[PDB]
Amino acid sequence: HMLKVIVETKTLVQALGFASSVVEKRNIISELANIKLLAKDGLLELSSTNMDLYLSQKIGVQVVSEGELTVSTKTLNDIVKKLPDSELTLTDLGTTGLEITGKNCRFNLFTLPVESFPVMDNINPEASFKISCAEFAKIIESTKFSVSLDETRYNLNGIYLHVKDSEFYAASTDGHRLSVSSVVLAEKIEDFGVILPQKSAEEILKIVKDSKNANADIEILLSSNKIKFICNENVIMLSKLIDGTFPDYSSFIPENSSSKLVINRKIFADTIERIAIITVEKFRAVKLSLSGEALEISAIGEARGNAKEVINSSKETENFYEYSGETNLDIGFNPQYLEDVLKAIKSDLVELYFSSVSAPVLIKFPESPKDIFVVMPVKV
Amino acid sequence: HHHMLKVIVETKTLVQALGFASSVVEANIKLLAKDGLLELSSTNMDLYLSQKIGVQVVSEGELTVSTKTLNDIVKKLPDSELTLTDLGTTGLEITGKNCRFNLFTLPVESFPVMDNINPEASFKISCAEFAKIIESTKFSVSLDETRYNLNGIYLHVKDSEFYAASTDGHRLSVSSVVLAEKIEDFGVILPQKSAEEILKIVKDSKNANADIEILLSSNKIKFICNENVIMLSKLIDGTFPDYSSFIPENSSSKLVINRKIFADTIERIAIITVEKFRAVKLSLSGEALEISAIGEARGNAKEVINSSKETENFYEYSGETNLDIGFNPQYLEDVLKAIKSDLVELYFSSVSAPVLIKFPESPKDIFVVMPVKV
């Protein structure tokens, strides 16, 4: 009936960090602030939910006595991440509550009855496939920054996850830019797509980036109302889906490109950032003045001043600049939208493909051919 | 004709100075190029800051410019040197190896001048000595803005010794250094914001090794940090109480404990408490100390520190009887984190009387903390 386990403190801290992000108090059911602990079969199962997402983590423990309880997530998390012992002992003492002991310390935390705590929903998958955790992290990091934050563009406030011809794609757009990243699947699988809520994207990303699971694989199960992640077997996350229609973004991608810029990624990013300081929120734009000889990045800010920096031709890697264009091109962009892309891929060079002053740029990284980025320009 | 400013400056030295100007205005900064030096001036409602940095002066002149905009642009320039040039209507132009920035200027006539001071007390101490007395007292200033006699730091000289002291009605903190030159008595109340600003200045790696001159008047105080940095501050209009009677003279029991162990344990035990009732219970006996705490609808917590004469885990309590006494954990933490010391001593009386906290390594730092019911 009553739980008693001995647990590795570092492993409980990691799990409590993941459970902490889940519990957001938009919902009146106060039991959902708690985390449920199930000791059984040599494992401690930790369950967290906010009614939109459900997280289940199984960690190895020494099970002295099996049992289950619920306890405040924040209170348990705040106490455990300040204990220096390598191991702790969790013991349920009934009316006292959950007792936590290390060498020479004792904490008692009131519990709540487990009967009302929800169990994870079922999923009846229409598509299932496995990719590596590092591969999943890449496509999420390549797309999370261009999700819309406009609550009225409801179908654009997530990450479109879809399989087309056995290739798994993530895509995001906000009406001003598009980001796509894909990995080829090893097994043939039929087409299916879902829209992942942004909060679920951020939670699963922290989980797959963890050093324990980096190097491992993640199983992704898709249905029409739910998505399920099984990350390194022990961590299971079930999420609801955004009920909407992701737009056909294939037509946003420019197929006819007149101009081509190849430039050192860091220099381009550093120069865009330092020039953008002068701008104001009401007009966030930098001007790229492109010619074969050099690029002039400039910007104006009302009642503050102006700024300009010149990048000259160089075949040297550290300062690379090459612009192959039939005509010279003067085109503007939101500096933030270029910066998001340039900081997404750790690469030496970056390529930009231009056409008209009102047509979007295609940004590619010759090291990462599966990452596609399109940014609309602005009048400058 | 006209008159335009032009200077060539080492980027790192302008960055350091602009950092001090930024903290002041959180509102433009005035630039005065003259006699091979760049004077930068910043002000708020309590203080006036003037820093002069060594520059190559091409053409003398004066201007005012947005502090934040200048600071934000300069700390992103990689060049070793920049050239600032006043083009009038264009504004201040900043140039690096391949960049040019233009910032609009504001009239220099509207910029305030530093007040004069007719000092009644003048003396020099080391910057490390001044940083110590401020860090030992800055955390226990009152936050009742209308209680003028207590919401600054009492800086005063008595019998050739310079003291800082602060209280909030719940604790008292004092720190002093013996002066080298004979000086008559004088006292002032330093605004908390001015204390924080001069502390950042004296702690900076440039000045940390240097000396600070402190000039006291009845309505203003002036700091001369490393000859190069001059700060004028307004004063709090009140009279600090005679705290000499606050120091407990009759103490029954004495606790000696490892400082780090003591602080870490109080902190981990205090986690269970709620904001409305921040209290930890020190249950003291010769055999051990039990630190406990309660949090309504949260639970409880306890940790035991046993007798030991070894430094890393030192605990000794000299008490005929056991003593159970409570404290706001934060007020103990403020004192324990103020002095980097191996051990700490606490002197007790009754469960309702204050504790006297001393650091045998730092005998010029004195702390008194009132208890709470537990």
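Scope of the values below: all heavy atoms of this structure, side chains included, with no hydrogens, waters or symmetry mates. All chains are named by letter (A, B, ...) in the order of the sequence lines, taking the proteins before the strands, and each is independently numbered beginning at 1.
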| Criterion side-chain contact (heavy atoms from CB on, under 4.5 Å) on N226(B) and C127(B), from CA distance to verdict | CA-CA 9 Å; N226(B) 202 3; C127(B) 289; 5.7 Å; no
Between [X] and [Y], is there a donor-acceptor pair closer than 3.5 Å when you use the side chain of the first and the backbone of the second?
| X | Y | value |
| --- | --- | --- |
| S126(B) | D211(B) | no |
| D365(B) | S175(B) | no |
| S122(B) | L216(B) | no |
| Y48(B) | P112(B) | yes |
| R274(A) | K76(B) | yes |
| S362(B) | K364(B) | no |
| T67(B) | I29(B) | yes |
| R304(A) | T69(B) | no |
| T265(B) | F262(B) | no |
| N207(B) | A210(B) | no |

Euclidean distance, [Y] [atom2] relative to [X] [atom1], rounded to 0.5 Å:
| X | Y | atom1 | atom2 | answer |
| --- | --- | --- | --- | --- |
| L63(B) | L92(B) | CG | CG | 4.5 Å |
| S176(B) | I133(B) | OG | CD1 | 8.5 Å |
| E309(A) | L77(B) | CD | CG | 8.0 Å |
| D264(B) | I266(B) | CG | CD1 | 9.5 Å |
| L5(B) | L32(B) | CG | CG | 8.0 Å |
| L14(B) | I53(B) | CG | CD1 | 5.0 Å |

Any chance the side chains of [X] and [Y] put a donor and an acceptor closer than 3.5 Å?
| X | Y | value |
| --- | --- | --- |
| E120(B) | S217(B) | no |
| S253(B) | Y317(B) | yes |
| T11(B) | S80(B) | no |
| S140(B) | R171(B) | no |
| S23(B) | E197(B) | yes |
| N102(B) | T90(B) | no |
| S166(B) | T137(B) | no |
| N258(B) | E312(B) | no |

| request: Quick one: do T273(B) and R278(B) satisfy side chain to side chain donor-acceptor pair (under 3.5 Å)? Show the steps, please. | output: CA-CA 6 Å; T273(B) 64; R278(B) 298 250 188 239; 3.0 Å; yes
| Salt-bridged, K138(B) to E196(B), with N to O below 4.0 Å? |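 Looking at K138(B) and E196(B), the cut-off is not met.
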| request: Determine, for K222(B) against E213(B), whether the closest basic-nitrogen to carboxylate-oxygen distance falls under 4.0 angstrom. | output: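 Salt bridge: no.
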| request: In sequence, state the C-alpha distance, the side-chain angles, and the governing distance for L31(B) and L38(B), and then conclude on side-chain contact (heavy atoms from CB on, under 4.5 Å). | output: CA-CA 7 Å; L31(B) 279 59; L38(B) 178 41; 4.2 Å; yes
| Relative to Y347(B), does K358(B) satisfy both conditions: NZ or CZ under 6.0 angstrom from the six-membered ring centre, and within 45 degrees of the ring's axis? |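 The answer is yes; both the distance and angle limits are met.
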Is the shortest side-chain heavy-atom distance between [X] and [Y] below 4.5 Å?
| X | Y | value |
| --- | --- | --- |
| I214(B) | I125(B) | yes |
| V369(B) | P354(B) | no |
| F123(B) | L179(B) | yes |

| query | Parallel, tilted or perpendicular for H156(B) and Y243(B), by the 30°/60° rule? | reply |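 Perpendicular: the ring planes of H156(B) and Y243(B) meet at over 60°.
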| task | Run the numbers on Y331(B) and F139(B) for ring pair (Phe, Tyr, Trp, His ring centres under 6.0 Å), then give the verdict. | result | CA-CA 9 Å; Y331(B) 296 166; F139(B) 55 80; 9.3 Å; no
| message | Could you check, using the six-membered ring where one of them is a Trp, whether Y154(B) and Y163(B) have ring centers closer than 6.0 angstrom? | response |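 That pair fails the under 6.0 Å test.
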| Could you go step by step and tell me if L215(B) and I221(B) meet the side-chain contact (heavy atoms from CB on, under 4.5 Å) rule? | CA-CA 6 Å; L215(B) 313 205; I221(B) 187 178; over 6 Å; no
| task | Could you go through the side chain to side chain donor-acceptor pair (under 3.5 Å) check for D204(B) and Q16(B) one step at a time? | result | CA-CA 9 Å; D204(B) 185 277; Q16(B) 192 254 14; 3.1 Å; yes
| query | Would you say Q330(B) has more than 12 foreign heavy atoms packed within less than 6.0 Å of its CD? | reply |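 Enclosed.
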| request: Report the C-alpha separation of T105(B) and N28(B) in whole Å, then their side-chain angles, then the decisive distance to 0.1 Å, and conclude whether the side-chain contact (heavy atoms from CB on, under 4.5 Å) test is met. | output: CA-CA 9 Å; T105(B) 290; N28(B) 303 279; over 6 Å; no
